[PDB]
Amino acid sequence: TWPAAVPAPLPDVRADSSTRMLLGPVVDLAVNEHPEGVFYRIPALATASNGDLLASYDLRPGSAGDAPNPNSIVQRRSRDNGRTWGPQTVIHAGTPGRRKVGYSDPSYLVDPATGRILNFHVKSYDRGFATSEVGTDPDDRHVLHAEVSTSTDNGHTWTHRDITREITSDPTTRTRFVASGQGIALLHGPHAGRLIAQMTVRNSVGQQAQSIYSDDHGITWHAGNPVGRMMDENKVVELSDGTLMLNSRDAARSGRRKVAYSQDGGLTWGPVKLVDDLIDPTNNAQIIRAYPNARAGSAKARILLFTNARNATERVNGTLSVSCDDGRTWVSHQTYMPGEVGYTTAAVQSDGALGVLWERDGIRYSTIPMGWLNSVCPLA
């Protein structure tokens, strides 16, 4: 039986001997048709409190179908910053058939204050995101449910529970999913300690972005006020002063990401605008702090990293973009993976390099050493 996780700070980026951004070796974490008729999609990557690197993704049986295909959440672990990977383990396995159950679209949320790791994902019965109906009864086969899996042992074992009712304060909310990739723990400002992740919802107003957050270190979850129209998978990041930012996929296909700001820890958001700098084909993406422990007023606290498919209509050219100024401008875009990438995510690793995952005939992993960062955002 594995030991209890202990509290430990999230990693910050560290300087390498590199002077240019160069992808390391590519690792095939899961390959479609290995085994026959099984497909892999929807990546999540995190550094656990013990420094292990954890990758999660869907196992999709039969085809790469979204919910309500009876998918499973699975995981692989590296204890050497991505050089080698243990065998796949199951976070929560779906069930085929007339009473099918599916677990799909994982995101991790690591709480450095406790060491606990959360993995959010849908729980489906007969309906997916688009066809789910109003209702929150846990056995309702017409509802797309929200589950969170908790691990207290750095991701070796999991316990599961349905959070749909507690995050549904508006009874017209007919569907929801937490965006795959990773949520955050807040470290700065009045809401330090809060754990927060973003969802997409449909309700009487439209298709909105909505934060869910916990102030008791993941025992109970509450939804903030929803925001925006034609929103979709969106990710939240804590800026240098503790203002939050959400960066969203645009369901209206503008060819750009969308952005909004919260001054109250995700309870309310302001107006949603396009980010003209961030070309995107209506696809998932991940934004993170490079130095999440750095304090307000430091240059390091203002540096954000963003991964997506930098293209207006096709999910190609996995690209790392850097902002030095709390997301106000994006001064550097560099494609680390030409061609098909689908969903990407990135996470700071324990060694201070960046891990990336993308989708091409399954899930692929690589590393970007980060010594070149100071040449784009001076660090002093």
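All residue numbers are counted from 1 along the displayed sequence.
Student: Quick check on the record: does 364-372 or 15-23 carry the larger mean Cα temperature factor?
Tutor: Averaged over C-alpha atoms, the B-factors run higher in 15-23.
Student: For the C-alpha atoms alone, is the average B factor greater in 195-203 or in 93-101, going by the entry?
Tutor: Mean CA B-factor is higher for 93-101.
Student: Of 151, 248, 136, 283, which one's C-alpha B factor is largest in the deposited record?
Tutor: Highest C-alpha B-factor among the listed options: 136.
Student: Should residue 301 be placed in the lowest, middle or highest third of its chain by the C-alpha B factor in the entry?
Tutor: Ranked within chain, residue 301 CA B lands in the highest tercile.
Student: Give the position of residue 166 by CA B-factor within its chain, expressed as the lowest, middle or highest third.
Tutor: Tercile = middle for this residue's CA B-factor.
Student: Would you please rank residue 58 by its C-alpha temperature factor against the other modelled residues of its chain and give the third it falls in: lowest, middle or highest?
Tutor: As the PDB entry reports it, the C-alpha B-factor of residue 58 lands in the lowest third of its chain.
Student: When the deposited Cα B-factors of this chain's modelled residues are ordered and cut into thirds, is residue 106 in the lowest, the middle or the highest one?
Tutor: It belongs to the lowest third of the chain when residues are ordered by C-alpha B-factor.
Student: Consider only the C-alpha atoms of the modelled residues in this chain, order them by B-factor as the entry records it, and name the third containing residue 77: lowest, middle or highest.
Tutor: Lowest third of the chain for residue 77's C-alpha B-factor.
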